[PDB]
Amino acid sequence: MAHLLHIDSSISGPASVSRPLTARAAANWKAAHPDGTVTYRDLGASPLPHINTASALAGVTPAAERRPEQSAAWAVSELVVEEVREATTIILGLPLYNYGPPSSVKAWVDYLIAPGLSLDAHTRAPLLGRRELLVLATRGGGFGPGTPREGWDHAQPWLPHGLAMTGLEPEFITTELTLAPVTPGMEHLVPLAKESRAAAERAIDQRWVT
């Protein structure tokens, strides 16, 4: 049955570009899926803690012989995988911070890669396939082909490789040049920033409709 996992990872608060875009997508989804319920996760406000030496390798250690930190980490993996298993659609906000994904999203994927939960512990067959993963990526500069920052995005090409074991295949709507309006010497690029946002908003408005 139709179920939305709405994940935010922006740390910008009221200045966030990704939060309005994921709220827009989520309301567009709820209207296209009128019996659909929604689970919300804000990794921005409430990040999941880093996997540490004490809590790592829960997936290879049997339950009976885990340290109390590994069992805590395993409980976190059971929760984040369950949320994705229940979903037919996942909407993730993905800012580019220091030319990579938010640390919170990297740890969220660390928890999601869990043998027997997200992939078969024996066949290694993906267990979270046949699901929609819509990723609303925001970035401060321009990273398109024939820009000077081409190849500086290590979030957008990473996420499909980080998730590729689970059968989740992210589909990207990218808004760029979002630093242009707050950045001296980017005043010629403010029209492009507005156009990039409007194009993303169009793609979000036409999603799930004929």
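In this text, residue numbers run from 1 along the sequence as written.
Visitor: Compare the mean C-alpha B-factor of 38-46 with that of 138-146 as given in the PDB entry, and name the stretch with the higher value.
Guide: The recorded data point to 138-146.
Visitor: Can you tell me whether 24-32 has a higher mean C-alpha B factor than 178-186 in this record, or the other way round?
Guide: Stretch with the higher mean C-alpha B-factor: 178-186.
Visitor: In the PDB entry, which of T89, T123, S104, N98 has its C-alpha at the highest B-factor?
Guide: Answer, based on the entry's C-alpha B-factors: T123.
Visitor: Could you tell me which third, lowest, middle or highest, the C-alpha B-factor of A203 occupies within its chain?
Guide: For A203, the deposited C-alpha B-factor lands in the middle third.
Visitor: Just say lowest, middle or highest third for the CA B-factor of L79 relative to the other modelled residues in its chain.
Guide: For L79, the deposited C-alpha B-factor lands in the middle third.
Visitor: Could you place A72 in the lowest, middle or highest third of its chain by Cα temperature factor, using the values in the record?
Guide: Its C-alpha B-factor belongs to the highest third of this chain's values.
Visitor: Split into thirds by Cα B-factor across the chain's modelled residues, where does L112 land: lowest, middle or highest?
Guide: Answer is middle: the recorded C-alpha B-factor places it there.
Visitor: Relative to the other modelled residues in the chain, which third contains the C-alpha temperature factor of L133: lowest, middle or highest?
Guide: Middle third of the chain for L133's C-alpha B-factor.
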